[PDB]
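Quick heads-up: it's one chain on its own, the form solved without the partner chain, in structure tokens.
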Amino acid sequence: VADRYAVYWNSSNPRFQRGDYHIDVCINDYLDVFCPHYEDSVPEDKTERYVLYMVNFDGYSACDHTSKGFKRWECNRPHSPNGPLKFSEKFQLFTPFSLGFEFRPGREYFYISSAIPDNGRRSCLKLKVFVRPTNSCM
């Protein structure tokens, strides 16, 4: 957890349950988000699915995924064949591709999700990521 940070994005995770999950990372580190994953023996009704978004602080604060940001990943395979669906975020300064994001050191970024079956629409799981300043990373 000094290059790759594992984040299990589901409501049974106490860190998300508490509603203030936050992590510090260094440029070039990776954030690996693991979508909810279940055994076939699971009741659907109890299968979590989410869309994950990156928003600004106000959107993060208000669980607003409609006003501004980007849809980043879709946790839509609760029974994915080889382990949970996993999305990776690399905190890099430059990206040569258009499907990517570039980060700046000494800045915080925000992520929130909306339930896919769209339930109780109001509260949300969320995550704050602070990219430490260059140097404050040894």
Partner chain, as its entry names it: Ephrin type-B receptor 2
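Numbering follows the first chain given and starts at 1. Note that the rigid core is defined as the largest set of C-alphas that superpose within 1.5 Å between two forms.
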(request) Tell me which of 72 to 80 and 99 to 107 has the higher mean C-alpha B-factor in the deposited entry. (result) 99 to 107
(message) Quick check on the record: does 18 to 26 or 117 to 125 carry the larger mean Cα temperature factor?
(response) 117 to 125
(request) Name the one of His37, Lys46, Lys86, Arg49 with the greatest CA B-factor according to the PDB entry. (result) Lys46
(request) For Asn56, return the chain-relative third of its C-alpha B-factor as stated in the PDB record: lowest, middle or highest. (result) lowest
(message) Where does the C-alpha B-factor of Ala6 rank in its chain, lowest, middle or highest third?
(response) lowest
(request) Place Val33 in the lowest, middle or highest third of its chain's C-alpha B-factors, as listed in the PDB entry. (result) lowest
(request) Sort the modelled residues of this chain by their C-alpha B factor and say whether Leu93 lands in the lowest, middle or highest third. (result) middle
(request) State the tercile, meaning the lowest, middle or highest third, of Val42 with respect to the CA B-factors recorded for its chain. (result) highest
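Heads up, the form solved in complex with the partner chain isn't pictured, but that's what we're talking about next.
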(message) With the distance limit set at 4.5 angstroms and only heavy atoms considered, check whether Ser67, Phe110 and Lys128 all reach the partner chain in the entry with it bound.
(response) no
(request) Work out which of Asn56, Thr47, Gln92, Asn76 lies within 4.5 Å of the partner chain in the entry with it bound, going by heavy atoms. (result) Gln92
(message) I'd like to check something about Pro43: if you look in the entry with it bound, is any of its heavy atoms closer than or equal to 4.5 Å to a heavy atom of the partner chain?
(response) no
(message) Is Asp32 part of the interface with the partner chain in the entry with it bound - any heavy atom within 4.5 Å?
(response) no
(request) Verify the contact flag for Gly83: yes if a non-hydrogen atom of it lies within 4.5 Å of a non-hydrogen atom of the partner chain in the entry with it bound, no if not. (result) no
(request) Go through 93 to 114 residue by residue and record those having a heavy atom within 4.5 Å of the partner chain in the entry with it bound; state none if no residue qualifies. (result) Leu93, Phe94, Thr95, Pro96, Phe97, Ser98, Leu99, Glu102
(message) Does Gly106 move appreciably between the shown form and the other one, meaning a CA displacement of 2 Å or more on the superposed rigid core?
(response) no
